[PDB]
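Single-letter residue listing:
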Amino acid sequence: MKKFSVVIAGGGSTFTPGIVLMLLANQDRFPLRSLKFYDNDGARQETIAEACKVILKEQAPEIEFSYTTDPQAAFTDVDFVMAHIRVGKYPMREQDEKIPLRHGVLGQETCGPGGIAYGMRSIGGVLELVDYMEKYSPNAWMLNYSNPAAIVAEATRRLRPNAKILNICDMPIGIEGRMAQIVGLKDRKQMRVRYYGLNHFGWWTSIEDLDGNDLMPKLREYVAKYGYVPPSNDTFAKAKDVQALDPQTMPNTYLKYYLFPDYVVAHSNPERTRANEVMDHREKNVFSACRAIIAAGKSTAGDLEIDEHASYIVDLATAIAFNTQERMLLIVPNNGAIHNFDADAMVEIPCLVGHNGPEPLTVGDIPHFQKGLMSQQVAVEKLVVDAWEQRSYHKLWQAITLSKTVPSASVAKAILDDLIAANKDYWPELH
Amino acid sequence: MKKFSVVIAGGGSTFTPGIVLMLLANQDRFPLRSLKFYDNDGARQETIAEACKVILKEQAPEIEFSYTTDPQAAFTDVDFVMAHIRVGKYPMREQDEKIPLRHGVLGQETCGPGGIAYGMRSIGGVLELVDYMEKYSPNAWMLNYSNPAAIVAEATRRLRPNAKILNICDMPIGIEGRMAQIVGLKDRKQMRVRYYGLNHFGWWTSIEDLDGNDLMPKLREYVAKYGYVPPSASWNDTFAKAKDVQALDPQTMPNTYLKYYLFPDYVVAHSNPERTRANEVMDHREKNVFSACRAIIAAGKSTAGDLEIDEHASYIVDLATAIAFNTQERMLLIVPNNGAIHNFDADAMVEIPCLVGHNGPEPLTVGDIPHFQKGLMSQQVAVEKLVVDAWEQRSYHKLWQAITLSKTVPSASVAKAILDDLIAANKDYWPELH
Ligand SMILES: NC(=O)c1ccc[n+]([C@@H]2O[C@H](COP(=O)([O-])OP(=O)(O)OC[C@H]3O[C@@H](n4cnc5c(N)ncnc54)[C@H](O)[C@@H]3O)[C@@H](O)[C@H]2O)c1
Ligand SMILES: NC(=O)c1ccc[n+]([C@@H]2O[C@H](COP(=O)([O-])OP(=O)(O)OC[C@H]3O[C@@H](n4cnc5c(N)ncnc54)[C@H](O)[C@@H]3O)[C@@H](O)[C@H]2O)c1
Ligand SMILES: [Cl-]
Ligand SMILES: [Cl-]
Ligand SMILES: [Cl-]
Ligand SMILES: [Cl-]
Ligand SMILES: [Cl-]
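Reading the values: the criteria
- Residues numbered from 1 in each chain as written, not as in the entry; some residues may be left out.
- Chains lettered and ligands numbered in written order.
- Heavy atoms only, no water.
- Helix = DSSP H or I, 4+ residues; strand = E, 2+ residues; numbered from the N terminus.
- Rg over C-alpha atoms; globule rule 2.2 N^0.38 Å.
- Areas by Shrake-Rupley, 256 points an atom, 1.4 Å probe, with all protein chains shown as cover.
- Near = heavy atom within 4 Å.
- Polar contact = N/O pair within 3.5 Å; in protein donor to acceptor, adjacent residues only side chain to side chain.
- Nonpolar A, V, L, I, M, F, W, Y, C, P; charged D, E, K, R; others polar.
- Domains from an automatic or database assignment.
- Contact = heavy atoms within 4.5 Å.
- Buried area = accessible area lost by both parts, 1.4 Å probe.
- Salt bridge = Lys/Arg side-chain N within 4 Å of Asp/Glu carboxyl O.
- UniProt positions renumbered as here; feature names shortened; annotations may be inferred.
- Buried < 20%, exposed > 50% of the residue type's maximum accessible area, 1.4 Å probe, protein only.

A. Examining the overall build of chain A more closely. Helix and strand counts for chain A stand at 17 helices and 12 strands. Relative to its length of 431 residues, chain A is compact, with a C-alpha radius of gyration of 21 Å against a globular reference of 22 Å. In terms of overall dimensions, chain A has C-alpha extents of about 55 × 55 × 40 Å along its principal axes. Accessible surface, chain A as shown: approximately 17,200 Å² in total, 49% of it carbon and sulfur.

B. Representation of the site of ligand 1 within the structure. All names here are of chain A. Residues in close proximity to ligand 1 total 23 residues, the closest being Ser13, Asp39, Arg86, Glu109 and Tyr118. With respect to ligand 1, the side chain of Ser13 contributes an N or O atom lying 2.9 Å from an oxygen atom. One of the side-chain nitrogen or oxygen atoms of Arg86 is found 2.7 Å away from an oxygen atom of ligand 1. Burial of ligand 1 by the protein chains amounts to 93% of its free accessible area of 840 Å². Here the residues of the shell around ligand 1 are counted per class, giving eight nonpolar, eight polar and seven charged.

C. Expanded view of the domain arrangement of chain B. Residues and elements named next belong to chain B. The assigned domain composition of chain B is domain 1 (2-166) and domain 2 (167-434). Its C-alpha centre places domain 1 at a distance of 18 Å from the equivalent point of domain 2. On the domain 2 side, the residues contacting the 69 residues of domain 1 number 81 residues. In total, domain 1 and domain 2 occlude about 6,800 Å² of area from one another, counting both sides; carbon and sulfur atoms represent 74% of this. Considering only the side of domain 1, the residues that lose the most area to domain 2 are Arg29, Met120 and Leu166, jointly responsible for 11% of the buried surface there. At the junction of domain 1 and domain 2, the tally comes to five salt bridges. Linking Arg158 and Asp389 is a salt bridge whose minimum nitrogen-to-oxygen distance equals 2.7 Å. Counting across the interface, domain 1 meets domain 2 through 21 residue pairs in polar contact. Only α1 (16-25), α2 (42-59), β4 (80-83), α4 (89-102), α5 (113-136), β5 (141-144), α6 (149-159) and β6 (165-167) provide two or more residues apiece to the side of domain 1 that touches domain 2. The element best represented in the side of domain 1 that touches domain 2 is α4, accounting for 11 residues. When its residues are assigned to classes, the side of domain 1 that touches domain 2 shows 42 nonpolar, 15 polar and 12 charged.

D. Expanded view of the site of ligand 2. All names here are of chain B. Close to ligand 2 lie 23 residues, the nearest being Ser13, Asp39, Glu109, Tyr118 and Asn147. Within the contact set of ligand 2, an oxygen atom lies 2.6 Å away from a side-chain nitrogen or oxygen of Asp39. Between ligand 2 and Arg44 there is a distance of 3.1 Å, counted from an oxygen atom to a side-chain nitrogen or oxygen. Taking 840 Å² as the accessible area of ligand 2 by itself, protein coverage stands at 94%. Here the residues of the shell around ligand 2 sort into eight nonpolar, eight polar and seven charged.

E. Structural view of the UniProt feature "active site" in chain B. Residue and element names in this part refer to chain B. In this structure's numbering, the residues bearing the UniProt feature "active site" are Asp170 and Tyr257. Mapping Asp170 onto the fold places it in the loop between β6 and α7 (171-183). Dropping the residues within four chain positions of it, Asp170 is found in contact with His312 and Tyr315. Mapped onto the elements of the fold, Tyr257 is located in the loop between β9 (253-254) and α10 (259-262). The buried category is assigned to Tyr257, whose relative accessible area is 9%. Leave out the neighbours within four places in its chain, and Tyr257 touches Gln108, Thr110, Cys111, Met171 and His200.

F. Structural detail: the UniProt feature "binding site: Mn(2+)" in chain A. All names here are of chain A. As recorded in UniProt, the sites labelled "binding site: Mn(2+)" are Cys169 and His200. Spanning 32 residues, the named residues nonetheless gather at one spot, since no C-alpha pair among them exceeds 8.0 Å. For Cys169, the location among the structural elements is in the loop between β6 (165-167) and α7 (171-183). Judged by relative accessible area, which is 6%, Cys169 ranks as buried. With respect to the element layout, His200 can be found in the loop between β7 (191-198) and β8 (201-209). When neighbours within four sequence positions are excluded, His200 is seen to be in contact with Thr110, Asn147, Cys169, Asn252, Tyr254, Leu255, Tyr258 and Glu348. Reaching out from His200, the side chain makes a polar contact with the side chain of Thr110 at a distance of 3.0 Å.

Shown next as structure tokens:
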């Protein structure tokens, strides 16, 4: 019937090609009349964009394509914005990981002080995107799968409460995929689940096949021995220890950072972090492939391939486009879904997705263990956004001090000072 | 593939035959190995059951059939209980309607002091059915479409919080059916809606076709001129009157029962204290169905009675099948609020959209509701909770408070006069009130 207009914010992402490839393999369920790229780093995006221009011309030359650094040109005439930006890129991620480690605190992209720092950089970036979208395409939907979703979602809830923004996380997708393999189902869409939490901080409470057969027993018996490692890395295996605290549920893998922070630090190397691995491998590999493709005018000159994993974004996009009522986990204002939890908290819960966005299902009352953990972590997140809004040093020191990943307020302060000096070019002045 | 065992509580209901004919026409989606009727009025059930037995022998002789007044015989080996009991029957309903009218207050089956009286009689009966079910078939589900659901659901929420009871109402089904004809769709299942309220006291907030097209603009235009009367005497007046009820909040569509709360003066004005709805049903439906059943028995053939399939009732099979086959079908059910309507009492029973599967309902959130509806619902839910307070605590003042608080009642003095009459008339059903 109709073809859609999509703009990818963060066109310079090393995941942009795989995603474009995935979109092309899904023109049957989600056809496009136009595809545009947007980035604030022109030179970086150009390499990714010229390579994709070749791919698109090969598999779908009928699709109108363009890339730019100009918001008006990028956000004009679009139905959807796919946002995957990394304010500060990998050089800043390296700082997020190493600074906490100098003080004996885990350094990670979205958890602990590292995540807090990334969130402080990301809030402004994402608010700008929202403002461009509303100005040039007031009816468009933004599919934000950027990080740290918990902090950024709190900011958009607070400062852009009526903006058509959908915050989604792919971590649960990956864990459900492994759970499916473990119990022997062909994919995660063969399961129906109940879940609650914050982004990167939740639990499955009910896991059944489509017929209603309870899969929890089978998963409990297996996960207790091997974690989320299917019969076919460390994070998935460690889920074994996370799940033992509450035998009746299945935990999100990111909970290892909050329940076993001593372990993460113990297995961390302050000299080489994950950002270093990506910069040494993925960053060069993808750009080298794009350079090769441009030089040849053929995609085959590159080893890029489809990111079937990212198909959940099309699930979301199509749910809205064709009002499918598909059931999926989204980050939404709680407002009674979890009855005994803060109404103004952003929570990750099951929702039906239609053309008007999500219809969250009720969750009910949650127990003291999860409630206590979530209350602590959402306060951290809300303090980070307080610090950004109010340009308050004490609000951020409070946030860091409150984190379960941080042993004391003195260590929290030492880290905060180091973080301030490193993020001078991104954070507002803190008083 | 799997066959179900059902018992109908209220076998002597004039709706039982039409419902049985409905079950028979749906053996494809809901196969039965067994069907049983239960009633506490043997002689009345016997006429209905013996007539239905002739129908089952003609259409489904494989289905095991029996009727009884024995709870053990009735509630043993069942998967579902379909409960449609009317404690006190029509003679008591006549009292519910006429006592308030004698004092210038509307008399109605489930709304106003009549509804309150019927609820006081029903709580005990339903608590008994639930206890029998749990004792003789612990794993069975009760499909309760009896009335007055708002009072009874509040009672079971407090006193049988963990029993497997699904509270459902058929009024929204009928109104949606009419809405569909009005917009021109094939049927109500071609629409997806959002709704909130108490039983017999709610509003549709969103009405779309399955593709998401807005049907509210066309409905507003039509309803503002003719109410819910489709293009195509009692109910016909109520559907037309929705015109006036809907005008208070143009952005929504109301449940027809709201006419009793927003236009109670109108209802009293168009009421006859000497002949009420109960008298109409008694002189028509009660006579006709029993005479038809009596004709089928005497002739030994279904064609001897003018019994028609109750296609409307099919919603009961939608519910039963959703549970039995984990279909995730979306429908309105009466469930504990507990945050679904965020700015409304968590312990209130609310009528809202739910997904229904084998574990029962999964309610959808509603969000915050506006002052108008919140005000009306807070008033009415307090009435309902006061009734159950009166029942539980055996308190006269609690029921006087309940009746006084009703938007159908003008004052505490009128409320007290009505209460004293209802007490005398319900001598054999109500618990004592100190
Ligand atoms: N499937 C995916 O795309 C995927 C996978 C994992 C994580 N993520 C998350 O999505 C985000 C993107 O990470 P990545 O590794 O996919 O991309 P990346 O780190 O390879 O590149 C990020 C791009 O965003 C651009 N950018 C930064 N700030 C911007 C702004 N204000 N406006 C416009 N563009 C801006 C940068 O110039 C850069 O080209 C991260 O937060 C990450 O946690 C996405
Ligand atoms: N059956 C339907 O589809 C339908 C339609 C509209 C309304 N209702 C509602 O359902 C209820 C039944 O109404 P009706 O007109 O269908 O029935 P009815 O008045 O025709 O018959 C009611 C039956 O329930 C029996 N009964 C009363 N108390 C009982 C008890 N404690 N245990 C067992 N049986 C008992 C009576 O003896 C009688 O046989 C009412 O509350 C009514 O508002 C049902
Ligand atoms: Cl707030
Ligand atoms: Cl390599
Ligand atoms: Cl909605
Ligand atoms: Cl600021
Ligand atoms: Cl909807």
